[PDB]
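Numbered from 1 within each chain, the chains take letters A, B, ... in sequence-line order. Computation of the quantities below employed the complete heavy-atom set of this structure, encompassing side-chain atoms and omitting hydrogens, waters and symmetry-equivalent molecules.
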Amino acid sequence: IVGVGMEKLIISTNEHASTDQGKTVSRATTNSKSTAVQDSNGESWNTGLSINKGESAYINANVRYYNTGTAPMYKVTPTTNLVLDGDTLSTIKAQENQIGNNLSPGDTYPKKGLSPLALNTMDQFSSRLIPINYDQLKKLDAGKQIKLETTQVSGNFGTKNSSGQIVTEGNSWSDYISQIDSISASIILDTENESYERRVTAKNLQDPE
Amino acid sequence: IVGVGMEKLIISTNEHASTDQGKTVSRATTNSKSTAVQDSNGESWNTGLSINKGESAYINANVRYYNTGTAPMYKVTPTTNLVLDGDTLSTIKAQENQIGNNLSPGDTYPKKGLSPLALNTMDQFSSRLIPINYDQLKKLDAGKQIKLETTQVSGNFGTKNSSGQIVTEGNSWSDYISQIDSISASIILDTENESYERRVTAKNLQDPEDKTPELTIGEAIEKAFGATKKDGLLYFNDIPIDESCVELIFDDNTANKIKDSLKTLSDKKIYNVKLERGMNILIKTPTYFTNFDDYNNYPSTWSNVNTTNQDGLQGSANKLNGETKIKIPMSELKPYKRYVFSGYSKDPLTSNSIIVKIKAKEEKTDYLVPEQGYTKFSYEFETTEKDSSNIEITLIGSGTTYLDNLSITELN
Amino acid sequence: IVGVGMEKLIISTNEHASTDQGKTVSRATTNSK
Amino acid sequence: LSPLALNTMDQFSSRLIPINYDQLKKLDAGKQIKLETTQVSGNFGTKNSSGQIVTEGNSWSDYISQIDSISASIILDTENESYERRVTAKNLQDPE
Amino acid sequence: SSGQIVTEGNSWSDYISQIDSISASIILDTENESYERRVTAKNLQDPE
Amino acid sequence: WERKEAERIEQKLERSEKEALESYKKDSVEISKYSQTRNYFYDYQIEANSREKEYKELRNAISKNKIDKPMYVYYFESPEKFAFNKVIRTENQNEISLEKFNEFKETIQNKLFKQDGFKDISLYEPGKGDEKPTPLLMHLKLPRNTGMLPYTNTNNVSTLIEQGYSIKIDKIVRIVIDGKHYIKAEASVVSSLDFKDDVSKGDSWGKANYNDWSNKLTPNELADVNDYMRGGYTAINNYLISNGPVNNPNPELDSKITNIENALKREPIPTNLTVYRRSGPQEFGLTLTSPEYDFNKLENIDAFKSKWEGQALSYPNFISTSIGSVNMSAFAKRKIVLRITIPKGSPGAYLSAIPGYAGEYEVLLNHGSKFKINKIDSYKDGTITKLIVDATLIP
Ligand SMILES: [Ca+2]
């Protein structure tokens with residue numbers, strides 16, 4: 001049973017700023033019909049500020065994964081929602097930068113004592129950042145918060161042969177989730193410092209077989 | 001049976017805005033044949049707005065996946081249209097960010113209690129957003145909405161390998177979709193809070209080598225929905241789904257086939273008609289229905305209550321020369337729906353007709369002439385505002401006529 | 001036997017349009033002699 | 001037929017070959033660019049007993065070093081034609 | 001087994017550490033060329 | 001990994017070899033069974049069979065590819081192949097008893113068992129989805145220069161070999177796989193020289209190894225042994241059977257016996273060799289009219305195996321054997337065929353090396369030789385079933 005918790009979120013405003021300054025020197029001469037000489041000089045300063053309405057800022061979320069089940073998950077690949085007010089800004093599946101190799105029951109990735117990992121890219125090859133609008137940025141500036149919802153998690157399990165050779169590649173937990181949830185009852189014990197979630201098989205009394 | 005529904009749409013206008021500000025200081029000196037010193041100060045401001053007519057805005061849609069079949073689907077990858085007026089803006093196949101791992105029958109992705117998922121990329125690697133024109137942006141600002149249509153869904157099924165392990169890779173439902181659709185009839189039960197869609201194999205009578213078993217519509221319905229039989233009628237869980245307790249909607253070919261089969265049939269019931277390939281049958285259970293034996297859900301009550309006569313379709317008639325009055329409080333009816341009031345009527349002796357008066361939004365008065373047998377009339381009405389006056393149904397009549405199985409069913 | 005039929009075509013003109021507006025204030029002091 | 005054009009340097013043939021400003025000035029001053037081939041990759045065909053030929057996975061680079069190590073190279077240079085051959089030579093310090 | 005030379009999937013990194021772990025390294029420098037070798041050395045703490 | 005390795009092999013195969021491999025993939029059992037007992041028929045019978053072409057193509061395809069180092073192969077074998085008729089455990093049982101383990105242990109104590117057919121093996125130990133049809137698992141070490149044909153069958157890279165050796169079991173232990181007890185055996189191959197049907201090769205080898213044998217013979221004893229093997233071998237053998245030296249001693253025939261023994265002892269066989277001989281009922285203490293000589297019924301074979309398999313043998317006279325295994329009209333009636341393995345260095349000679357009609361690929365062995373029977377098996381010869389005895393000569 002794997003879930004994701006967001007610890008803090010960072011805004012990266014996307015603005016372009018400029019600054020100029022110049023100097024000029026001139027000279028003039030007039031001969032009417034009378035002569036004259038004019039000497040001139042000056043300077044200037046400028047500033048600028050350009051902003052894009054399509055992508056006014058970028059966001060970055062620090063997250064952790066936890067396991068409250070009975071079995072480890074290998075190659076943890078969760079999918080998360082980012083919700084601001086009533087809008088799901090984006091849904092990101094974890095890239096190869098945000099994949100946890102091991103997650104034992106009762107453990108955490110990154111392990112306790114380490115900083116949270118940063119989820120700041122949305123494309124497949126981790127080369128594109130997560131944008132937001134001008135209106136969404138204004139909503140954030142007014143004090144509204146972004147929530148993180150986990151919708152699913154992908155992971156592997158290990159199968160052992162007679163010589164103790166563990167293989168996880170190609171063994172997917174998603175193939176068994178529906179079948180386990182269909183024939184089981186869920187029990188949760190909450191305590192105070194740790195939580196446990198279990199599934200226990202239940203009998204169908206309408207089937208004689 | 002997997003479909004997609006859109007919750008809301010988000011528009012991201014692609015504009016570039018800039019501001020400038022400056023100040024200047026000058027100095028001049030003129031010498032004529034005299035002197036003159038001039039000091040100049042200045043200031044300025046600027047604003048700008050740039051727009052691209054090709055990609056003026058980007059659109060983001062929040063969607064959900066639902067399943068109404070009998071099997072789960074794995075790696076759900078639907079394809080959708082985005083249509084504004086008569087223009088399909090784009091068709092997107094779901095990428096890794098918009099793929100559902102599991103979808104059990106009757107479930108939803110994301111599960112109930114979670115926010116909808118955002119579909120905001122159109123390329124294969126989720127690296128490019130979905131643009132619209134300047135004209136499409138103007139249409140959107142004018143108040144027009146974008147509709148979403150799902151064209152197809154890709155998914156997997158699970159089998160077992162040489163060991164006990166479950167494998168889903170390489171098992172595709174598209175290899176069986178056409179084969180299942182070609183040899184089956186489709187039956188739908190609508191209910192009120194959940195829909196069910198089924199496919200039941202039908203026999204081809206032109207092929208002498210087709211050994212598939214034969215079925216009628218009633219047997220097919222019972223097998224498809226797991227209905228139980230109490231007294232010769234079908235109940236889904238508690239709702240009666242017998243052909244006289246529900247509304248049946250066919251397509252033209254199915255209606256013609258049932259019409260041709262009825263005239264040669266003995267019992268002359270639709271549930272006794274032989275099932276055939278290509279049929280489209282839709283069952284719509286009523287919101288309120290009374291049979292005068294055991295079932296009654298009306299929030300109000302009928303003025304005439306006399307079930308001492310062993311008549312009617314199923315052992316009850318509850319009708320005499322009096323007048324029947326029902327008062328629907330309008331607090332249990334949806335604001336904007338196209339409701340239908342239906343029932344069965346019979347005159348054992350040829351007598352006067354019945355004054356059917358319906359007052360929901362406008363007063364409607366119509367007459368029907370019952371025959372020696374039972375026929376259904378199925379008049380219609382419509383709610384107004386969810387807070388306006390009540391709904392009044394009056395069935396003024398004489399000649400000690402008979403009624404049974406009165407229902408109120410909604411539709412689009 | 002599979003064929004394709006087009007039902008309508010949509011044109012997306014690619015133009016870049018901009019709009020600017022400004023202000024200016026000045027003051028000069030001249031001392032002839 | 002006309003010579004082929006070599007004008008890209010990435011794997012997907014999407015990026016051209018640039019030069020500096022100093023290199024451009026040198027080119028404009030009359031200097032020339034030479035081409036030197038450093039290696040060639042290719043395949044050989046193995047013919048089945050039923051006259052079937054496959055060239056996938058058969059690489060000459062697996063044999064180039066071995067052929068060069070145990071052979072002597074001979075070149076014949078006639079008019080408008082050249083021939084290059086490798087002939088196996090015996091090693092006398094090896095009795096086997 | 002067919003009798004042809006194959007160099008695909010045969011990596012030297014699989015053997016670099018193992019060769020360096022059990023060998024002694026000797027280099028001859030001369031004047032115009034350099035030669036580097038590894039020669040297997042015995043471990044006397046292992047009776048096997 | 002092995003898919004491109006299987007490809008590189010099949011590419012260079014002939015179209016006939018490809019269709020032979022496909023026919024094997026469809027009907028492996030009958031082809032294997034035919035290859036086991038194919039060389040015990042007549043010369044012309046094996047030529048006209050409707051399955052000899054498949055055997056030739058398959059054996060050529062297998063022998064095309066050879067290995068350069070010894071390696072281990074893993075497969076499941078029926079325990080009755082090692083002359084253990086009882087059941088170690090049923091296919092539904094989970095445990096092997098100590099008594100069954102011990103019985104199997106003293107059954108296979110010091111013996112060599114010959115394998116002579118196609119077999120499907122694996123280069124990796126059985127795992128999870130692998131079929132486990134018998135409670136006996138074999139770890140066999142193949143020798144250098146042995147043929148293996150790795151072919152893909154429904155994705156699974158399977159390997160096919162042909163057996164032409166005799167294996168001996170070194171150690172056996174009881175292991176657990178998935179909650180079931182198995183008997184695991186470490187086996188090794190004992191190489192031997194076997195000319196099954198190609199009598200030409202055996203004749204050439206015997207000529208090359210024994211045409212100079214006469215030269216080493218002193219001329220008087222050479223003519224003496226020659227005259228024996230022409231005319232008096234029957235008389236000498238009959239005198240030996242009746243225990244003549246003990247019952248009615250006489251030096252005239254004892255001289256012949258001593259000369260024969262010394263001449264055979266002069267030059268021994270230089271390599272492990274196998275010979276085939278058709279034996280008569282009088283050799284096993286039976287008569288042609290004895291009911292047990294009919295091997296059509298199972299009980300006759302069962303009794304013969306129970307009373308003979310695993311026991312010893314003793315031939316007071318000399319043993320006449322042939323290198324070839326094909327049936328001859330001289331011994332067509334003989335329902336019992338004797339398979340003998342000659343250890344290297346044992347006395348013997350190739351009689352047919354000398355010019356003239358010395359016999360039919362005749363090989364003679366010293367009198368008084370003892371034999372041990374390892375396994376006995378049956379094969380059908382037309383309307384009757386003949387019986388094959390596998391034995392090893394002991395010094
Ligand atoms: Ca009724």
Side-chain angles (χ1 to χ4, degrees), chain A residues 6-22 43-63 82-85 87-92 95 97 116 118-123 125-148, chain B residues 10-24 42-60 118 120-121 126-132 134 137 141, chain C residues 14-25:
Chain A
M6 185 201 87
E7 306 205 0
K8 95 177 309 185
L9 190 144
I10 302 140
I11 310 288
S12 291
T13 302
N14 184 27
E15 287 172 337
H16 284 268
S18 66
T19 284
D20 305 335
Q21 78 180 6
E43 45 184 6
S44 60
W45 300 267
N46 296 115
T47 47
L49 184 63
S50 294
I51 178 70
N52 196 333
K53 306 295 204 46
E55 325 185 326
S56 306
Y58 294 123
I59 57 180
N60 169 24
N62 293 2
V63 292
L82 301 179
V83 192
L84 177 45
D85 210 357
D87 300 333
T88 310
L89 307 189
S90 54
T91 73
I92 300 100
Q95 282 72 240
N97 286 347
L119 168 77
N120 53 355
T121 50
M122 66 182 180
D123 67 346
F125 305 135
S126 305
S127 175
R128 182 92 146 77
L129 305 172
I130 315 179
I132 48 172
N133 272 330
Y134 198 54
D135 303 323
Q136 289 155 357
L137 188 52
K138 298 287 96 176
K139 287 198 237 170
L140 282 166
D141 293 345
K144 280 161 189 308
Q145 302 272 322
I146 282 184
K147 312 303 185 198
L148 188 140
Chain B
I10 299 147
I11 306 145
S12 304
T13 307
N14 185 29
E15 284 166 337
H16 191 274
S18 73
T19 56
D20 306 329
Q21 190 147 3
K23 65 182 182 292
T24 187
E43 204 171 3
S44 59
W45 299 263
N46 281 110
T47 55
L49 294 174
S50 289
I51 181 71
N52 190 352
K53 315 297 210 55
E55 317 202 349
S56 303
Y58 299 118
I59 48 173
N60 170 25
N120 52 352
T121 43
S126 301
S127 169
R128 199 193 200 292
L129 308 177
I130 315 172
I132 50 174
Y134 196 68
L137 187 51
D141 294 344
Chain C
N14 170 316
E15 268 146 17
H16 200 87
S18 54
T19 297
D20 291 331
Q21 78 180 15
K23 291 186 287 184
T24 176
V25 167

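Just one of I51(B), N14(B), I132(B) meets the side-chain contact (heavy atoms from CB on, under 4.5 Å) condition when paired with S56(B); it is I51(B).
Under the 3.5 Å distance criterion, the side-chain polar atoms of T24(B) are matched with a main-chain donor or acceptor of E43(A). Using a distance-only test at 3.5 Å, with no hydrogens or angles considered, a donor-acceptor pair links the side chain of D123(A) to the main chain of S127(A). Although no hydrogens or angles enter the test, the distance criterion places no donor-acceptor pair under 3.5 Å between the side chain of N133(A) and the main chain of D135(A).
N46(A) and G22(B) make their closest contact through ND2-CA, 3.7 Å (heavy atoms, listed as atom of the first residue, atom of the second, distance). Minimum heavy-atom separation, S18(B) to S50(A): CB-OG, 3.4 Å. Of all the heavy atoms in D20(C) and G48(B), the pair that sits closest is OD1-CA, 3.2 Å.
Taking 4.5 Å as the limit, some side-chain heavy atom of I92(A) sits within range of a side-chain heavy atom of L119(A). A 4.5 Å side-chain heavy-atom check between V83(A) and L89(A) finds every atom pair outside the cut-off. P131(A) places a side-chain heavy atom less than 4.5 Å from the side chain of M122(A). Proximity of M6(A) to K8(A): side-chain heavy atoms (C-beta onward) are nowhere separated by under 4.5 Å. By the 4.5 Å heavy-atom criterion applied to side chains, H16(B) and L49(B) are not counted as neighbours. When side chains are defined from C-beta on, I10(A) counts as touching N62(A), because their heavy atoms get closer than 4.5 Å. Residues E7(A) and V63(A) form no side-chain contact, since every pair of their non-hydrogen atoms from C-beta on lies 4.5 Å or further apart. A heavy-atom distance below 4.5 Å is found between the side chains of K139(A) and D87(A).
The structure places CG of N120(B) at 10.0 Å from CD1 of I59(B), a figure rounded to the nearest 0.5 Å. With rounding to the nearest 0.5 angstrom, the OG1 atom of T47(B) is 9.0 Å from the NZ atom of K23(C). Taking OG of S126(B) as the reference point, atom CZ of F125(A) lies at 10.0 Å (rounded to 0.5 Å). Here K53(B) contributes atom NZ and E15(C) contributes atom CD; the two are 5.0 Å apart, rounded to the nearest 0.5 Å. Atom CG in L82(A) sits 7.5 Å away from atom CG in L9(A) (nearest 0.5 Å).
Summarising the local packing, OH of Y58(A) is surrounded by more than 12 heavy atoms from other residues, nucleotides or ligands at distances under 6.0 Å.
For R128(A) and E55(A), the salt-bridge test passes: some basic side-chain N is under 4.0 Å from an acidic carboxylate O.
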Test log, rule side-chain contact (heavy atoms from CB on, under 4.5 Å), inputs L129(B) and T121(B) = CA-CA 5 Å; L129(B) 308 177; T121(B) 43; 4.2 Å; yes
